[PDB]
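Participant: For reference, the structure I am asking about is given below.
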Amino acid sequence: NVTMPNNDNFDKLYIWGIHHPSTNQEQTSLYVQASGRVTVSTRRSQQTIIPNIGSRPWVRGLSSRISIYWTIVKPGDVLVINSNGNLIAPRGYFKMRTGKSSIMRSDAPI
Amino acid sequence: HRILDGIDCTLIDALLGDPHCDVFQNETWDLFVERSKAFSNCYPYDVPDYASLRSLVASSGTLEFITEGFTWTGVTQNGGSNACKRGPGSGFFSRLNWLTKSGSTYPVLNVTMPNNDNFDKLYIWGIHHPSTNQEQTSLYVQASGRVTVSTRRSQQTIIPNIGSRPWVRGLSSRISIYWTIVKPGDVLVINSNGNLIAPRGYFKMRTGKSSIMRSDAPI
Amino acid sequence: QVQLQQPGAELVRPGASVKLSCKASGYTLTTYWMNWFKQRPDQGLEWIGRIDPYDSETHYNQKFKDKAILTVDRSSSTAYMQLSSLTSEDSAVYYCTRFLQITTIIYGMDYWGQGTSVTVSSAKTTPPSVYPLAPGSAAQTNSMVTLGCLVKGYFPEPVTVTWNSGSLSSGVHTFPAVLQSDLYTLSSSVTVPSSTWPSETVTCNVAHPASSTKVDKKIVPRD
Amino acid sequence: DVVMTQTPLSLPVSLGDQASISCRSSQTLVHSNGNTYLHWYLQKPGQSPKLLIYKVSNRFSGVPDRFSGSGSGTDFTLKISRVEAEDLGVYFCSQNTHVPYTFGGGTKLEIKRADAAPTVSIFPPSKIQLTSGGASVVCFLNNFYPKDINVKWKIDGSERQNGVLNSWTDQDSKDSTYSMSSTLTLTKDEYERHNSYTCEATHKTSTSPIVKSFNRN
Ligand SMILES: *[C@@H]1O[C@H](CO)[C@@H](O[C@@H]2O[C@H](CO)[C@@H](O[C@@H]3O[C@H](CO)[C@@H](O)[C@H](O)[C@@H]3O)[C@H](O)[C@H]2NC(C)=O)[C@H](O)[C@H]1NC(C)=O
Ligand SMILES: *[C@@H]1O[C@H](CO)[C@@H](O[C@@H]2O[C@H](CO)[C@@H](O[C@@H]3O[C@H](CO)[C@@H](O)[C@H](O)[C@@H]3O)[C@H](O)[C@H]2NC(C)=O)[C@H](O)[C@H]1NC(C)=O
Ligand SMILES: *[C@@H]1O[C@H](CO)[C@@H](O[C@H]2O[C@H](CO)[C@@H](O)[C@H](O)[C@H]2NC(C)=O)[C@H](O)[C@H]1NC(C)=O
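This is the structure in structure tokens:
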């Protein structure tokens, strides 16, 4: 049950995730609780993600996955991560800038 | 055009019933004018799909509520909070009915409410999210809790989330608002075992030239 | 969440003028009108005038036409009111209000400022003399104890008598001050339950900001 | 200007009872738009007014269903069906309709409580004060009920007509009581020249005038 206050004068982008063990062995093994829930929020927003145990196709060895989510923290608001397992915690924030930027798909030489 | 000055209230808080917006009960407008500094002063809530709820009420152009004879068997009705103080005492949203466990058990509620009128009905309800399992079992004896609102056409099941949020008006729990429109001849059936933030009737829906605008401009 | 902040108290020498402020917050000043009122001690609530913060279109009660000057500084949401050549009669509590125009469902003033007290006097600012009050001859420490505190000879109002820095809140009666020779006298009386007096310290903290005086008088058992 | 005429001036009601204040305007308060802009404000002592009922009969935000207004054109009335302790205050009726906006003179509501007798207490001048050359004969006859109470200073059993500061507080917001403080202030010289002060309270509740004294020695 951590907290992280936006004391800067700019928006903050927070990238986090949730784990999905393919087996209950893995579940309790990694996160002792068998259950597990992630609840990320600010004074304005609230997000609760519940992991899903189950078998997926092998992808790079694994059969478990991670779901990515995000949260933008407006100045003066506070982030509060609250969980009992499966959390794939952040390490800080990415700065957000408004401007003329974008993205393009192309295999064209530069 | 009938312009309704929202004063310090957004449309939603006037819809739900935040104490300071009760001055807007049953109002009608052509154009609702929301002010940039309108604020909520009640139980901390959040609306999944706030945009569409706001759009559709704005477009309806009416806040006329019709109180219905919902009978809540063996639960404690009319819960309040000091977050939503209504006067010198604690209170809640004028159009929502907070149900808490009775005695020492929260029974699996299963009410029904038939649309026997010749018009669509808007039903505003919610779900509670205790920040602690103490609170959970304390309020709703079941530790679990699920809300399942439906009609012959639609079906909605909401599962509460226990957890810590930032303090907002004392609280660290929240309420999520949802809605259900009941077409004539269809029936509403609320079915839950805890955390329900029951309705008190429906709001009438009108199709017309109404809308909403954000502006701090004088009228 | 909507506030109208007024300065509480002002001492003005007669003949001069006072510019009162009323910092609106919680809403957008401009969006609604403002009304200033005057309450004489007798009770009477008088309308001084109105101002439309948007344009500054003011409208005065004919009676205050040549005295009150309504203006607003949109920059800082601060409305104002100037009263020139004040006299005894101008000593009153002045209120500013959010006058919700006829286009609202209410049309009247809903939020009032805390008021400001304008004392028109040529009397000097004197610090209070804070005299502790405790029982003596025949210890009256029986079923309960009434401890006093005499705040004497200060000017102008107000002072703030508070016991034990506010902690000892549940049993005090600060009495209204009374003018006598251009000096004010007031007393406060908390009542502690016998086993709570001599044991610890009952202190009355008075404050006369008008003179930057903050006194801490510990009521000692004269007993 | 329109004149708002309220009656009663003071209204003693008892917890549970039904208060009823009346307002009367010198000319209709019906607007050209047909709206009657008559309002009711409540000023608790030591506070700023609070909207209670707007446009004759609408409850402003917060006010409970036990408050009701009504009237037409000139005569309007406020009605508290069940009076609570907090309801203690002053009620004004004002009008927007015509410029200048006018207010009523107020109707001081007052709660009726079970009769009570003061808890007289007297304190002798502090050494601190008399060093300055002055004496404080302070008596706090507080927490009584019928505001009506009669105090008297005696000094050797004989006088009170000189130098008595008297301040009664507002009715409490719970006890529904009252409190007072009487201050006899004489010179240090005069004070040392007597023993016996006597704060004598004649409050119609007890069959024996509540009297308090102390000795100069
Ligand atoms: C549920 O069923 C799936 C589907 O058949 C099972 O996934 C399979 O798991 C095996 C490991 O036991 C995977 O084997 C690996 O194949 C790769 C690719 O050729 C090879 O490099 C490794 O040596 C290994 O043999 C297999 O790929 C994978 N199949 C698919 C389609 O993803 C899964 O294990 C079942 N889980 C349970 C709990 O029953
Ligand atoms: C999970 O962590 C959060 C984040 O730190 C905890 O919330 C904090 O709870 C305290 C009460 O213990 C709040 O204190 C209050 O602060 C206000 C504002 O200054 C003050 O008026 C009150 O006197 C009180 O001290 C605190 O504000 C709140 N922090 C945040 C950022 O919202 C939470 O309690 C933790 N929960 C669990 C179960 O561990
Ligand atoms: C909101 O509007 C309704 C609609 O008129 C008011 O309710 C009465 O209204 C209908 C007829 O006028 C009835 O169908 C309703 O059931 C009836 N409801 C109640 C509780 O009496 C309702 O009171 C209005 N609310 C407000 C605050 O004005």
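Protein chains in written order, with the deposited numbering: chain A, 165 to 274; chain A', 56 to 274; chain H, 1 to 51, 52A to 52B, 53 to 81, 82A to 82D, 83 to 99, 100A to 100F, 101 to 214; chain L, 1 to 30, 31A to 31F, 32 to 105, 106A to 106B, 107 to 211. A prime marks a further copy of an entry chain. Quick reminder that beta carbons are idealized off the backbone N, C-alpha and C, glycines included.
(1) For residue 231 (chain A'), which residues from the same chain have a beta carbon less than 8 angstroms from its beta carbon, with the 5 sequence-adjacent residues on both sides left out?
(2) Compute every distance between the C-beta of residue 219 (chain A') and the non-hydrogen atoms of ligand 2, then say whether any falls below 6 angstroms.
(3) How would you write the range of the alpha helix (DSSP H) that residue 67 (chain A') sits in, first residue to last?
(4) For the alpha helix (DSSP H) holding residue 194 (chain A), just list the boundary residues, first then last.
(5) Along the chain, where does the beta strand (DSSP E) that runs through residue 3 (chain H) open and close?
(6) Tell me, which residues are paired with residue 169 (chain A) by DSSP?
(7) Within 7 angstroms of any Cβ in chain L, is that where the Cβ of residue 143 (chain A') sits?
(8) With a cut-off of 8 angstroms on the beta carbons, I'd call residue 146 (chain H) and residue 174 (chain H) a contact; round off their distance for me.
(9) Quickly, what does DSSP pair residue 100F (chain H) with across the bridge? List them, please.
(10) So residue 136 (chain A') contacts chain H; which residues on that side make the cut at Cβ distance below 7 angstroms?
(11) Quick one: which chain A residues come within Cβ less than 8 angstroms of residue 223 (chain A')?
(12) Examine the Cβ distances between the stretch 149 to 163 of chain H and the stretch 14 to 21 of chain H and report whether three or more of them are shorter than 8 angstroms.
(13) List, from N- to C-terminal side, the beta strand (DSSP E) runs of 3 residues or more that fit wholly inside the stretch 48 to 91 of chain L.
(14) Is it the case that the CB of residue 81 (chain A') approaches a heavy atom of ligand 3 more closely than 6 angstroms?
(15) Residue 62 (chain H) and residue 140 (chain H) look like a contact to me (Cβ under 8 angstroms); what is the Cβ gap, rounded to whole Å?
(16) Does the Cβ-Cβ distance between residue 68 (chain A') and residue 91 (chain A') come in under 7 angstroms?
(17) Looking at residue 119 (chain A') and ligand 3, is the gap between the Cβ and the nearest heavy atom below 6 angstroms?
(18) Note down the Cα distance separating residue 164 (chain H) from residue 181 (chain H), rounded to an integer number of angstroms.
(19) Cβ of residue 126 (chain A') versus every heavy atom of ligand 3: is any distance shorter than 6 angstroms?
(20) Under the three-state reduction of DSSP, which class applies to residue 191 (chain H): helix, strand or coil?
(21) Can you check whether the C-beta of residue 74 (chain A') is within less than 7 angstroms of a C-beta belonging to chain L?
(22) What residue range is occupied by the uninterrupted alpha helix (DSSP H) comprising residue 113 (chain A')?
(23) Go through the stretch 119 to 192 of chain H residue by residue and report every complete run of the beta strand (DSSP E) that reaches 3 residues or more, in order.
(24) Would you call the stretch 145 to 162 of chain A' in contact with the stretch 240 to 259 of chain A', where contact means no fewer than 3 C-beta pairs closer than 8 angstroms?
(25) To the nearest angstrom, how far is it from the Cα of residue 211 (chain A) to the Cα of residue 34 (chain L)?
(26) Name the residue from L:48, L:55, L:14 and L:85 whose alpha carbon lies nearest to the alpha carbon of residue 139 (chain L).
(27) So with CB distances below 9 angstroms, who are the chain H contacts of residue 101 (chain L)?
(28) Short of 7 angstroms Cβ to Cβ, which residues in the stretch 241 to 262 of chain A face chain A'?
(29) Taking CB distances under 7 angstroms as the criterion, tell me whether residue 276 (chain A') reaches chain A.
(30) What is the rounded straight-line gap between the Cα of residue 10 (chain L) and the Cα of residue 74 (chain H)?
(31) Just verifying my parser: in three-state terms, what is the DSSP assignment at residue 21 (chain H)?
(32) Using DSSP with H/G/I as helix, E/B as strand and the rest coil, what is residue 206 (chain L)?
(33) Do residue 101 (chain L) and residue 43 (chain H) have their C-beta atoms closer together than 7 angstroms?
(34) When the Cα atoms are used, what is the spatial distance from residue 196 (chain L) to residue 124 (chain H)?
(35) Determine the direct distance from the alpha carbon of residue 37 (chain H) to that of residue 260 (chain A'), and round the result to whole angstroms.
(36) Using the Cα positions of residue 109 (chain A') and residue 63 (chain A'), report the straight-line distance between them to the nearest angstrom.
Facilitator: According to the data block:
(1) 100, 101, 102, 103, 181, 182, 184 and 213
(2) yes
(3) 66 to 71
(4) 188 to 194
(5) 3 to 5
(6) A:242
(7) yes
(8) 6 angstroms
(9) H:95
(10) In chain order: nothing, as chain H lies at least about 17 angstroms away.
(11) 207
(12) no
(13) 62 to 67, 70 to 75 and 85 to 90
(14) yes
(15) So it is not a contact: roughly 42 angstroms between Cβ atoms.
(16) no
(17) yes
(18) 6 angstroms
(19) no
(20) coil
(21) yes
(22) 105 to 115
(23) 120 to 124, 136 to 145, 175 to 178 and 181 to 183
(24) yes
(25) 46 angstroms
(26) L:14
(27) 43, 44 and 45
(28) 242, 244 and 246
(29) The structure shown does not extend to residue 276 (chain A'), since chain A' spans only 56 to 274, so no value can be given for it.
(30) 45 angstroms
(31) strand
(32) strand
(33) yes
(34) 24 angstroms
(35) 44 angstroms
(36) 16 angstroms
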